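Data block below; observations after.
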Amino acid sequence: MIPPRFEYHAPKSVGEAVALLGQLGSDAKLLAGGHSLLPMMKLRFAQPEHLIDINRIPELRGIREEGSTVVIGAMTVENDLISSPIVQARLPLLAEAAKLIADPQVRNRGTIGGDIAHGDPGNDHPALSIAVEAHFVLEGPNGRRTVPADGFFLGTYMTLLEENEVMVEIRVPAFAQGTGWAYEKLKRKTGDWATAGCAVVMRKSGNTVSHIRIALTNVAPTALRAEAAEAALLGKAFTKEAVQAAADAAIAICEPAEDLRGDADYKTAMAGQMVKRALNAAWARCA
Amino acid sequence: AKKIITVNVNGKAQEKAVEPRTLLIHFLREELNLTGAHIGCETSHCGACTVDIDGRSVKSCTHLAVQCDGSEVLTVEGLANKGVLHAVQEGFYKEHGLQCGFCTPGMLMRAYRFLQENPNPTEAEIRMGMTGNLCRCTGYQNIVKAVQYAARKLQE
Amino acid sequence: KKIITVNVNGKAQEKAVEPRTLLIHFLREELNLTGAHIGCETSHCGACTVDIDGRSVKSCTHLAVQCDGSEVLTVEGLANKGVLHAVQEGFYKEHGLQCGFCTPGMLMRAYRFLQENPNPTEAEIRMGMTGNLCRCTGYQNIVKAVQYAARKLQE
Amino acid sequence: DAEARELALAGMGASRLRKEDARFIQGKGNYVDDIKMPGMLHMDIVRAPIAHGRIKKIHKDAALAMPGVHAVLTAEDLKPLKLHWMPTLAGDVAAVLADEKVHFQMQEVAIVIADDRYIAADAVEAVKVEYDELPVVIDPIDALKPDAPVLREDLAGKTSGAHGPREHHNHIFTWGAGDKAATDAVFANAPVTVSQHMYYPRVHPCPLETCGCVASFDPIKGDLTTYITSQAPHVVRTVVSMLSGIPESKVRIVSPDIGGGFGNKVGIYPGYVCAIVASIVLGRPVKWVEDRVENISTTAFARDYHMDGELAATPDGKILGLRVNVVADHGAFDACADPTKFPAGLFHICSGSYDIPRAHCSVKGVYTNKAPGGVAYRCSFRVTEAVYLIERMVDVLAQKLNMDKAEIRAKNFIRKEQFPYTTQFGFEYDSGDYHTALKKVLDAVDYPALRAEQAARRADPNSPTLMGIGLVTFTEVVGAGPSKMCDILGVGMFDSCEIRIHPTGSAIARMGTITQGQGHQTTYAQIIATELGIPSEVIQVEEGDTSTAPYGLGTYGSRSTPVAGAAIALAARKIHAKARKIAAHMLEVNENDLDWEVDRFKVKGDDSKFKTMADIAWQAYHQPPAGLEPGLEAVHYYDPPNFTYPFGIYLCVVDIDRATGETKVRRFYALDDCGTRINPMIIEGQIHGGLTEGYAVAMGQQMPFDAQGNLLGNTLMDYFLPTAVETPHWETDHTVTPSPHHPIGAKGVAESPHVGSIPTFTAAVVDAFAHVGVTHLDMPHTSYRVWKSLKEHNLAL
Amino acid sequence: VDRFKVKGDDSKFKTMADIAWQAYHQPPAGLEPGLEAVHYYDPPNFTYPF
Amino acid sequence: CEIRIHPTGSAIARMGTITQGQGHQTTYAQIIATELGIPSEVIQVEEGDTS
Ligand SMILES: Cc1cc2nc3c(=O)[nH]c(=O)nc-3n(C[C@H](O)[C@H](O)[C@H](O)COP(=O)(O)OP(=O)(O)OC[C@H]3O[C@@H](n4cnc5c(N)ncnc54)[C@H](O)[C@@H]3O)c2cc1C
Ligand code: PCD
Ligand code: FES
Ligand code: FES
Ligand code: FES
Ligand code: FES
């Protein structure tokens, strides 16, 4: 319950936060919503000697539209995603899926940027950011750079993000009219991390699948994009056999960890099940 | 080293000096003797420490006191006005929404905010909206009735 | 307000005090050393007696601010590691107290008087304890209490 | 004016609002961690990282040098006071601080005292301990093997324990009840015979407020005062007195407001003993408040019974005999809360609500490298296990005979006219009416239509979900009391109440029980309101302070209403008899020329001549009638003649998703009969809480250990507790079959919902697989486990 | 002084301590557990010291 | 006066009077001590609290 001693820093700009990361080094950690970092510190799983609070930086906040691209500030709190009239209209998948993350209280603190940077396979945004084709803007001592969600997750708690960088914002293309989407999350109870989850974003064309993205949650050391699963639907008609083929392709890439949520056998079968459900739900949403 | 901060709790300025690692829940309970908010876990699940910070429901055991310098904090001790119970407190009382009372201060603070976010909640909305608060005694059934009671009182 | 540092019962106390604050209230209200009592406003009773810089003083006629750099001893500081001081033992053994209101002051006085005069006669004791009033004992047992402490101190 | 005057009392039977609420809804309750005393220091505990091993060396220097730390104590500091080990309610001993070795992971090894909890937690991490690992024992069966490691080396050479002879070093005891020979004879020849193994998983009561205390030894006065999370403060005072040498009258134990106990706070934990010792040594208050992980990991767990049930019967479903064998996992030290003569509690109540002519049970407890416990979480002293065993067995019998599950129960029920009924195990059931109650539930949920719907779904091979109907008809045994039979560490299990009427008519009342949320401050007042004609609003009740309350045995086993409820009514009646004597004197008439009408004694035939309880109270203080002492008060210690036997009929419908294995409770109907009802609103709350706990146990809770002995899922990260979203809407019902021997006919009820709902959930899940031959499935019925079963029986998606 | 002894046989006795425990352990038939009392005294006359 | 004997032999007693220095906490204990054979030292007496 009791976290170890640490120094608190609260710079008002991304630049100064990056500067602090540089002078303090690996002994420092960026403090966003604190709903992953504090819990780990309280259990003494992580013991940084310095915390750099980034809650007072205005450029890390806001939800705007730059043409056909939606730009969400990294410090955007989970509940603001849900209540954003822009997110609701341009990225309905994120507004609805966010309701499945933790609880109301945690959602008033945890951020979309922190959920992603934390790099926990258990988190929902990583798979969501893949299906939605998001791009993350990072700022370090050498300026900024934009990286895609697909390929951003390297290992458990490991991302493309460098020790001296700060994720500024999340850019994602608005949904085309008639875009189908869905997030299926199997969980033991409300506010728990998924036993298995699948994020799907797709577009239709008559009775065929014209565009498709499928991502898997908590069934490997990182979030997974089911490319072969997409390959079983792209340009093909939407049939029952096609969906199962995709499910089998999703299942084949699963590498779940055995824990209290179930064994590899269960999690894999469930990943497939969440895929089937997500695809049918996503298809039903297409116009 | 202790940081000097002033946090507004229940509309009153609280000038103190605390180490950066001081959790808001201990600050309220230990420094100000506002012992209504409780601790029921170390993993952020129970919500017994729920207080209203700057217009939002927050689990004070997962928030630093030093991040509240200048903030507006509301605790169960500040719900009643001039002795008259808030609709939320009256609801829990009339509907028997509490037994041991341990999860109560957290439930009240959450319901206080929830009813502003959603003035006319359905049962499903209530259960889901109160989902971050655990209770060992009630079985929640009367708690949803209590919230329904308060929702009704606020509209009249 | 004046910031002062008073050594109370061996511990340094740095506090901000208003000049008009009587030492008796500073001890009772600020430090919660409620052993010392108040029995009058004219400086007669001595229920507020404490040892200041080697002397017995009625804390109700002394300002807390005047104690900057002083050594103050109150009844709570008489016992050493829980072992009663000879004067505490004498008062207990000889039934030198009843309601206990004048006791802390009597003990603080006796503590210093026995250092001023280690082998006092009854007359010297009665005269040496003249600054302290008692409504319960009739003083007789107090004289015996002090005599008991005197014998134990030279033991 | 008669009906109105009774209504204004808000006494017996009224659903009056709680008197307790006011403080709790405004954050003015007073729980252990709210307490702050002058000079109070904080204590934290250094715990064992391994499950079994020798303690090579403990390093105190780094912790002691740390600023803010006042002391670091180990078993060495406890030895001179003979406190490194302490006696338990089960007649065994438990380590206060690990001495030569550790018996379970997270066990108390050392303690630090610091200025506050932050420094204290730091101090714990500074203390380094070196260990020599020893082979772990986690399975009860493996524990009794010849080559199995010796866990309890402290009792090496002992051939007997507190409950009879011991056959193996890891064997604690073997207890049995019923007629063995007679039972074996029935089973040897019975035409129908069924057998079923079932595991009742180790779970935790997990009260929202954890255990803690503020111990304060005052070296000036020489007395000890300790505020604590105890469900039996008086018993703790006696025990603390004897272990410390401090005269009992100078020991004051006070249970303030407790955030739930649920049997978890009946016993004395090493944390309490350490705080007391540190306080004595430091001459100042010491506060100890455990974190959730410590509570789940080291305090009293529940269940952990490996059971083998058997039923003998004739082809029409009439039960001829019952035979049970159980292996009990009690952990490292046997600290199981129970009356000294029942190492297996009241498990012999497993004959249930049925007239079974021959029965026998046998329980064998064994040691393992785990935390002590066994009795807690609304078990009524192993009744949970007893009810689960019989109800599961009856379902097994019904399935072998292809007989309806409700029908087979109505066939074996003890008939209403058979009460008071003496079972095959020797219990004398006070009263009951099971047939009427069952019919009520079946009609309420349209049972035949449910079976019809179930038959239809089973017909279609492609129905996406499995339908299961679970039914439980149970009998509870609550009110642990007959002193000749029940005692806690030698103290007869009676209880008490003391009532004092003030000159103006209001009153103060104190009992030997202690509420943890069940509403005593309201209900107790209601009992007295009706007995004396004084509104419950002005009858102030208190519990928990050993210096003010009459001696009692505390609150657990739903004993408050049965035992204390009786003491309360009798004490009030002692006052009522005196009030009559006084009223007769004032009215200048003979006592039995007087009639009691709600709140006054009136002269028969003359309504205008009367005296109210207020009039009488004043007279008692003003001028006592000749031969009477002034005042108006009474005290009464009740030693119950028998337990109380409430019952219930529970029905649950579940729908299982064949693709995911997740179970959805469609409906849950619960009928409870606890005799005369004091406050229906309060009863309903206890039922909701109980049913919710049952859902928690049957559907998600468990405490798994890995091969190394590490406790897995010991925090809310994995330890299941339902939120409002997971908890189904409860439907409650009732009938009123009073206890003939009880002063007001009221029976306990609080544990009933927990005891009965659990096997009801298993019954529903198993019934969903019944059509494919499934006779039983071990809890918890999580999606994962239920899916493994769907897979195993080719029912998956 | 502090015990009840059988007339004649001095070795057969029970202290108030023994009696207190018995009162809590198992009360003799017809008696309530515990060992306590209350008394309100209305004096018959004043007392006249001199 | 109300006297309650504990399981281990010691006791607590409360009276309707209230000392102001006359020593009731000592003397009252002595009366009861002779009446019950319990040393006055462990017979704890209190007064003054109407509750
Ligand atoms: C009870 C509970 C349940 C939860 N359930 C879920 C759930 O179901 N699904 C889910 O997805 N999550 C869940 N979470 C986690 C919340 O959703 C995680 O809150 C948040 O993962 C980590 O985000 P944060 O904003 O709180 O940041 P923090 O806790 O501060 O963690 C931030 C981490 O990422 C780094 N970081 C943060 N922001 C940035 C940035 N802008 N740039 C660079 N690095 C940064 C930090 O240094 C650190 O490593 C739960 C948390 C709790 C306590
Ligand atoms: N008939 C009748 C009965 C009853 N009631 C009521 O109701 C309640 C209850 O009661 P009872 O039943 O008697 O019981 P009690 O004793 O009181 O209690 C106890 C229990 O209770 C339960 N519940 C609860 N709740 C709460 N809130 N909290 C808690 O803690 C708890 N815990 C749990 C447990 S576990 Mo043990 O210990 O394992 O044995 S036992 C137990 C009370 O108030 C009473 O009065 C009425 O009214 N009527
Ligand atoms: S103490 Fe449990 S969520 Fe805060
Ligand atoms: S009322 Fe006790 S935990 Fe909610
Ligand atoms: S109060 Fe009387 S001399 Fe000080
Ligand atoms: S003992 Fe009472 S005034 Fe001295």
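FYI, nothing fancy with the structure tokens labels: chains A, B, ... in order, residues from 1 per chain, ligands from 1 as they appear.
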Which chain D residues have any atom within 8 Å of an atom of chain E, and for each, what is the nearest pair of atoms with distance in Å to one decimal, counting only C-alpha atoms, rows sorted by chain and number, as a Markdown table?
| residue | atom | partner | partner_atom | distance |
| --- | --- | --- | --- | --- |
| D:483 | CA | E:26 | CA | 6.0 |
| D:484 | CA | E:26 | CA | 6.9 |
| D:487 | CA | E:25 | CA | 7.6 |
| D:490 | CA | E:25 | CA | 5.6 |
| D:491 | CA | E:25 | CA | 4.6 |
| D:492 | CA | E:25 | CA | 5.0 |
| D:494 | CA | E:33 | CA | 7.4 |
| D:551 | CA | E:34 | CA | 7.7 |
| D:629 | CA | E:40 | CA | 5.6 |
| D:630 | CA | E:40 | CA | 5.7 |
| D:631 | CA | E:40 | CA | 6.9 |
| D:636 | CA | E:32 | CA | 7.4 |
| D:637 | CA | E:32 | CA | 5.6 |
| D:638 | CA | E:32 | CA | 6.7 |
| D:639 | CA | E:33 | CA | 7.1 |
Residues just named, written with C-alpha atoms as a PDB file, in the first residue's frame:
ATOM      1  CA  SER D 483     -23.179 -24.717  28.300  1.00  0.00           C
ATOM      2  CA  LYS D 484     -23.134 -28.444  29.053  1.00  0.00           C
ATOM      3  CA  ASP D 487     -18.125 -23.619  25.438  1.00  0.00           C
ATOM      4  CA  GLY D 490     -14.112 -23.201  28.893  1.00  0.00           C
ATOM      5  CA  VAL D 491     -16.662 -20.381  28.935  1.00  0.00           C
ATOM      6  CA  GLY D 492     -20.234 -21.634  28.582  1.00  0.00           C
ATOM      7  CA  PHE D 494     -24.519 -18.154  27.094  1.00  0.00           C
ATOM      8  CA  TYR D 551     -20.153 -10.571  29.794  1.00  0.00           C
ATOM      9  CA  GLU D 629     -35.421  -1.390  46.212  1.00  0.00           C
ATOM     10  CA  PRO D 630     -35.527   1.977  44.437  1.00  0.00           C
ATOM     11  CA  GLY D 631     -34.770   2.017  40.695  1.00  0.00           C
ATOM     12  CA  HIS D 636     -30.084 -11.619  32.617  1.00  0.00           C
ATOM     13  CA  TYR D 637     -27.620 -14.287  31.520  1.00  0.00           C
ATOM     14  CA  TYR D 638     -29.229 -16.802  29.196  1.00  0.00           C
ATOM     15  CA  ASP D 639     -27.964 -20.353  28.862  1.00  0.00           C
TER      16      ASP D 639
END
- Item | Test item: residues at most 10 Å from residue 1 (chain B), only C-alpha atoms, excluding those fewer than 6 positions along its chain, as a PyMOL selection string | (chain A and resi 5-8) or (chain B and resi 17-20)
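Residues of chain D lying within 12 Å of chain C, counting only C-alpha atoms, are residues 38, 218, 219, 220, 221, 222, 282 and 283 of chain D.
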Please save C-alpha atoms of the selected residues as a PDB file, in the first residue's frame.
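This went into again-v9.pdb:
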ATOM      1  CA  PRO D  38      -1.358  10.679  22.227  1.00  0.00           C
ATOM      2  CA  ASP D 218      -0.635   2.738  30.507  1.00  0.00           C
ATOM      3  CA  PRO D 219       2.402   2.247  32.804  1.00  0.00           C
ATOM      4  CA  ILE D 220       1.096   5.024  35.060  1.00  0.00           C
ATOM      5  CA  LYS D 221      -2.221   3.331  35.929  1.00  0.00           C
ATOM      6  CA  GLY D 222      -1.000  -0.165  35.090  1.00  0.00           C
ATOM      7  CA  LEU D 282       7.201   1.049  24.876  1.00  0.00           C
ATOM      8  CA  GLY D 283       4.716   2.313  27.445  1.00  0.00           C
TER       9      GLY D 283
END
- Task: Show me which residues sit within 8 Å of ligand 4 when counting only C-alpha atoms and all ligand atoms, and put them as a PyMOL selection string.
- Result: (chain B and resi 97-104+134-138) or (chain D and resi 207-209+259-260+517)
- Task: Starting from chain A, keep only residues with some atom at most 12 Å from an atom of chain B, counting only C-alpha atoms, and report them as a ChimeraX atom specification.
- Result: /A:1-10,31-44,47-56,77,79-80,83,99-110,189-192
- Message: When you look at residue 26 (chain F) with a cut-off of 9 Å (counting only C-alpha atoms), what residues show up, excluding the ones that are within fewer than 6 positions of it in the same chain? I need them as a list in words.
- Response: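 Returned residues: residues 40, 41, 44 and 45 of chain F.
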- Task: For region 221-230 of chain A, please output as a ChimeraX atom specification all residues within 7 Å (counting only C-alpha atoms; exclusion window: fewer than 2 positions along the same chain).
- Result: /A:121,126-127,130,153-156,212-218,232-234,246-247,249-250
- Neighbours of ligand 5 within 9 Å, counting only C-alpha atoms and all ligand atoms, as a PyMOL selection string? chain C and resi 24+36-49+57-61+131-133
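Among the residues of chain C, backbone DSSP assigns strand (DSSP E) to residues 2, 3, 4, 5, 6, 7, 8, 11, 12, 13, 14, 15, 16, 17, 49, 50, 51, 52, 55, 56, 57, 58, 71, 72 and 73 of chain C.
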Atoms kept (N, CA and C atoms) for selection, written as a PDB file, in the first residue's frame:
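Heads up, here's the output in selection32.pdb:
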ATOM      1  N   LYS C   2       6.195  36.161  18.742  1.00  0.00           N
ATOM      2  CA  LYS C   2       7.617  35.893  18.896  1.00  0.00           C
ATOM      3  C   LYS C   2       7.909  34.404  18.890  1.00  0.00           C
ATOM      4  N   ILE C   3       8.870  34.003  18.062  1.00  0.00           N
ATOM      5  CA  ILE C   3       9.277  32.608  17.972  1.00  0.00           C
ATOM      6  C   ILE C   3      10.262  32.359  19.095  1.00  0.00           C
ATOM      7  N   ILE C   4       9.962  31.381  19.939  1.00  0.00           N
ATOM      8  CA  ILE C   4      10.836  31.060  21.055  1.00  0.00           C
ATOM      9  C   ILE C   4      11.191  29.584  21.047  1.00  0.00           C
ATOM     10  N   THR C   5      12.228  29.242  21.797  1.00  0.00           N
ATOM     11  CA  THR C   5      12.655  27.862  21.923  1.00  0.00           C
ATOM     12  C   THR C   5      12.791  27.598  23.411  1.00  0.00           C
ATOM     13  N   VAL C   6      11.861  26.822  23.952  1.00  0.00           N
ATOM     14  CA  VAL C   6      11.876  26.492  25.367  1.00  0.00           C
ATOM     15  C   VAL C   6      12.186  25.020  25.549  1.00  0.00           C
ATOM     16  N   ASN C   7      13.076  24.721  26.485  1.00  0.00           N
ATOM     17  CA  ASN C   7      13.429  23.345  26.800  1.00  0.00           C
ATOM     18  C   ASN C   7      12.447  22.892  27.875  1.00  0.00           C
ATOM     19  N   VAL C   8      11.427  22.126  27.490  1.00  0.00           N
ATOM     20  CA  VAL C   8      10.438  21.648  28.455  1.00  0.00           C
ATOM     21  C   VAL C   8      10.624  20.173  28.747  1.00  0.00           C
ATOM     22  N   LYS C  11      13.159  18.428  26.434  1.00  0.00           N
ATOM     23  CA  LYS C  11      12.938  18.482  24.994  1.00  0.00           C
ATOM     24  C   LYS C  11      12.747  19.908  24.512  1.00  0.00           C
ATOM     25  N   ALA C  12      13.433  20.245  23.425  1.00  0.00           N
ATOM     26  CA  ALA C  12      13.356  21.575  22.839  1.00  0.00           C
ATOM     27  C   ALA C  12      12.003  21.791  22.151  1.00  0.00           C
ATOM     28  N   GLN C  13      11.395  22.945  22.418  1.00  0.00           N
ATOM     29  CA  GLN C  13      10.104  23.303  21.847  1.00  0.00           C
ATOM     30  C   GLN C  13      10.157  24.675  21.195  1.00  0.00           C
ATOM     31  N   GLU C  14      10.175  24.697  19.868  1.00  0.00           N
ATOM     32  CA  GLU C  14      10.198  25.958  19.142  1.00  0.00           C
ATOM     33  C   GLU C  14       8.759  26.282  18.764  1.00  0.00           C
ATOM     34  N   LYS C  15       8.229  27.355  19.340  1.00  0.00           N
ATOM     35  CA  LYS C  15       6.848  27.758  19.097  1.00  0.00           C
ATOM     36  C   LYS C  15       6.715  29.251  18.859  1.00  0.00           C
ATOM     37  N   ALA C  16       5.631  29.631  18.186  1.00  0.00           N
ATOM     38  CA  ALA C  16       5.320  31.032  17.917  1.00  0.00           C
ATOM     39  C   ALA C  16       4.259  31.405  18.958  1.00  0.00           C
ATOM     40  N   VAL C  17       4.577  32.373  19.812  1.00  0.00           N
ATOM     41  CA  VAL C  17       3.663  32.774  20.877  1.00  0.00           C
ATOM     42  C   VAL C  17       3.302  34.253  20.903  1.00  0.00           C
ATOM     43  N   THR C  49       2.848  26.269  39.834  1.00  0.00           N
ATOM     44  CA  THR C  49       4.288  26.216  40.039  1.00  0.00           C
ATOM     45  C   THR C  49       5.022  25.202  39.163  1.00  0.00           C
ATOM     46  N   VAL C  50       6.066  25.680  38.492  1.00  0.00           N
ATOM     47  CA  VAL C  50       6.942  24.861  37.657  1.00  0.00           C
ATOM     48  C   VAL C  50       8.367  25.322  37.966  1.00  0.00           C
ATOM     49  N   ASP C  51       9.365  24.533  37.586  1.00  0.00           N
ATOM     50  CA  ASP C  51      10.761  24.905  37.833  1.00  0.00           C
ATOM     51  C   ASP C  51      11.293  25.565  36.562  1.00  0.00           C
ATOM     52  N   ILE C  52      11.760  26.804  36.690  1.00  0.00           N
ATOM     53  CA  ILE C  52      12.289  27.540  35.549  1.00  0.00           C
ATOM     54  C   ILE C  52      13.692  28.028  35.854  1.00  0.00           C
ATOM     55  N   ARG C  55      14.716  27.583  39.454  1.00  0.00           N
ATOM     56  CA  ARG C  55      13.867  28.153  40.511  1.00  0.00           C
ATOM     57  C   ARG C  55      12.361  27.868  40.368  1.00  0.00           C
ATOM     58  N   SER C  56      11.665  27.786  41.502  1.00  0.00           N
ATOM     59  CA  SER C  56      10.211  27.569  41.514  1.00  0.00           C
ATOM     60  C   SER C  56       9.561  28.890  41.127  1.00  0.00           C
ATOM     61  N   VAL C  57       8.649  28.836  40.164  1.00  0.00           N
ATOM     62  CA  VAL C  57       7.962  30.023  39.676  1.00  0.00           C
ATOM     63  C   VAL C  57       6.486  29.715  39.401  1.00  0.00           C
ATOM     64  N   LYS C  58       5.609  30.657  39.741  1.00  0.00           N
ATOM     65  CA  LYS C  58       4.185  30.497  39.486  1.00  0.00           C
ATOM     66  C   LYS C  58       3.963  30.873  38.015  1.00  0.00           C
ATOM     67  N   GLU C  71      14.983  26.665  30.714  1.00  0.00           N
ATOM     68  CA  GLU C  71      14.902  25.258  31.060  1.00  0.00           C
ATOM     69  C   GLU C  71      13.670  25.162  31.981  1.00  0.00           C
ATOM     70  N   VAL C  72      12.591  24.563  31.487  1.00  0.00           N
ATOM     71  CA  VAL C  72      11.362  24.425  32.267  1.00  0.00           C
ATOM     72  C   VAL C  72      11.080  22.966  32.611  1.00  0.00           C
ATOM     73  N   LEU C  73      10.731  22.707  33.867  1.00  0.00           N
ATOM     74  CA  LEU C  73      10.430  21.352  34.308  1.00  0.00           C
ATOM     75  C   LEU C  73       9.021  21.325  34.897  1.00  0.00           C
TER      76      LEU C  73
END
- Message: Contacts from chain D to chain B, 8 Å maximum, only C-alpha atoms: show me the residue list as an NGL selection string.
- Response: :D and (17-18 or 21-22 or 24-29 or 34 or 207-210 or 257-260 or 291-293 or 516-519 or 681-682 or 685-686 or 688-693 or 715-717 or 721-725 or 727 or 729-730)
